[PDB]
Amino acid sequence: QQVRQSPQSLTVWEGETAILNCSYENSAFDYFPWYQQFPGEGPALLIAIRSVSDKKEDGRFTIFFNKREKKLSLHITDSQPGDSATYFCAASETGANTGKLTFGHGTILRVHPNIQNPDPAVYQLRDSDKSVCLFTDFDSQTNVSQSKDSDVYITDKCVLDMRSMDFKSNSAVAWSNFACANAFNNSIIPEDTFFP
């Protein structure tokens, strides 16, 4: 009866195919609409499959339905960064005429834009009561993990404005009341990382 989605969040680089997984426990469900929620907005219908089909194709988005295992998957190919949103798997048994719809808990898809020439570096910005360090241009083998300390704030999952056209990246920002050489001492930093 419940709807369960996995993973709880997915990070992907511009180009990969993201795979959002869903499963239900009530065999009577027969309509499975997926809703896309952009940040600050309300969800909208993305794509829906019915139980008499095992695959619905629409653009870069495809539902794969599997009745025997009670499992769905949404495959996004050529994942753009504007695909970044929370994706809800929903199910109803239409036969009961109820009108309600059962929602999964959503998976947060945060797509990274590709970088032509990665040049990872940590820069210091002109302070005007804290000072800001900026980690940027890293390649796809680094995970910015949070700070092992209070009073040092690190953010690293920024949704690029949807209308961006000309300078898309994805940097991490850390601030505190503290130098930038040790600021990301708690993460997996690439070896060739450039500290001026």
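Throughout, we count residues from 1 along the sequence that is shown.
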Point to revise | Chain break class at residue 150/residue 151 - deposited residues not modelled | key: none
Check your understanding: Counting only residues of the deposited sequence, how many between residue 177 and residue 178 have no atoms in the entry (none, 1 to 3, 4 to 9, 10 or more)?
Key -> 1 to 3
Point to revise | Between the two ranges 178 to 186 and 17 to 25, the one averaging a larger CA B factor in the entry | key: 178 to 186
Point to revise | Higher-B stretch (mean Cα B-factor, as the entry records it), 61 to 69 or 42 to 50 | key: 61 to 69
Study note, to complete from the structure: From the entry's CA B-factor values, the highest among 145, 155, 136, 37 is 145
Check your understanding: Which of these has the highest Cα B-factor in the record: 114, 98, 86, 102?
Key -> 114
